[PDB]
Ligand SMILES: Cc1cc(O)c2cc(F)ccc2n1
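Next comes just one chain, in structure tokens: the form solved without 6-fluoranyl-2-methyl-quinolin-4-ol (VBW).
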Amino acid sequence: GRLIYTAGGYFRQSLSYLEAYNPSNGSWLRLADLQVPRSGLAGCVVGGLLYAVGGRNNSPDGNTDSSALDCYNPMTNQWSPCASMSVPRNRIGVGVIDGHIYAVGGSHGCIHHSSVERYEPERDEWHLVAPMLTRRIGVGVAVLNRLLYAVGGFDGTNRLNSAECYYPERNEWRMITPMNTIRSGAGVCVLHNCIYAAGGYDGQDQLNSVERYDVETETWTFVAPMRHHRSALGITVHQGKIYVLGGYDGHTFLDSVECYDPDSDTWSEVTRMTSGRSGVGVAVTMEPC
């Protein structure tokens, strides 16, 4: 569609914000709050509905990992509960294939999931599928050519440079070439024939580096670094450009939104979020009403 939606996030505590940015005019619009605050969630879109998946409510009243799937209809500006996942998944990644949502990895307390499940909107049902070969929280996920990729994250002990691919017709995961950089909480998306991994945390520092995996050549190549180091950034693609939203730079919860032009191999600032935050869910769909 036409707007970049950012849902939830973290600053001091987990947030309920839903706001939409319009690249055509620079404008932000505040929309209906999530029913439950959450950070470390993912967003995605199916049939012009926006979905918020997993996360955790870090609050003064306590900390609750989320198994929730919630449905936002832009035509009505209302959130509806959808069926919950088998398990809470904080710092989750999601991918959409053929109108179905895959929920990948994430944590529940000290449990670091390798498990994966798939939601079918027409049935309002989740079903488990084959688990990843590695436990991954803070995992990045993207879809290219109807294959699902899980990239980086943290396995409970080490931050990971590894990545793997799920072949739905085989219900099977296989390792791909590892990244050149260890990354937990990177932004992962697809542009053209490449899976991009932007930023994240290597166990030491927040990263500004960006690298991309060419599915044909099976190699990762660095492109230009972002203007800001960031972990727990939101990422999405809007009209052939990658947008990265917020995150944490080791000092500040960023309001910076940056945009990547792959033809010039340059990042630039495009706007600021209305407030700095990390761990947001991001997706693109039609403008409301």
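Start at 1 and count along the sequence shown; that's the residue number.
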item	value
153 to 161 versus 138 to 146 - greater average Cα B-factor per the deposited record	153 to 161
Residue stretch of maximal mean CA temperature factor, 167 to 175 vs 88 to 96	167 to 175
Out of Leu29, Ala52, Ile242, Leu233, residue topping the C-alpha B-factor column of the entry	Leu29
Largest Cα B-factor, entry values, listed residues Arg118, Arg183, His108, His192	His192
Third of the chain, ranked by Cα B-factor, where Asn77 sits	highest
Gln204 CA temperature factor, ranked by third within the chain	highest
Third of the chain, ranked by Cα B-factor, where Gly9 sits	lowest
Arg212 - Cα temperature factor, lowest/middle/highest third of chain	lowest
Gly47, C-alpha B-factor rank within chain (lowest, middle or highest third)	highest
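In what follows, reference is made to the form deposited with 6-fluoranyl-2-methyl-quinolin-4-ol (VBW) bound, a form of this protein that is not presented.
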| property | result |
| --- | --- |
| Any non-hydrogen atom of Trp267 within 4.5 angstroms of 6-fluoranyl-2-methyl-quinolin-4-ol (VBW) in the deposited bound form | no |
| Close approach of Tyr17 to 6-fluoranyl-2-methyl-quinolin-4-ol (VBW) in the deposited bound form, 4.5 Å, heavy atom | no |
| Contact label in the deposited bound form: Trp220 to 6-fluoranyl-2-methyl-quinolin-4-ol (VBW), heavy atom within 4.5 Å | no |
| 4.5 angstroms heavy atom contact with 6-fluoranyl-2-methyl-quinolin-4-ol (VBW) in the deposited bound form for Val244 | no |
| Location of 6-fluoranyl-2-methyl-quinolin-4-ol (VBW) contact in the deposited bound form, chosen stretch of 247 to 255, 27 to 35, 46 to 54, 66 to 74 [non-hydrogen atom, 4.5 Å] | 247 to 255 |
| Full three-residue contact with 6-fluoranyl-2-methyl-quinolin-4-ol (VBW) in the deposited bound form, heavy atom 4.5 Å, for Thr6, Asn22 and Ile235 | no |
| Partner contacts in the deposited bound form for 11 to 43 (non-hydrogen atom within 4.5 angstroms of 6-fluoranyl-2-methyl-quinolin-4-ol (VBW)) | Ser39 |
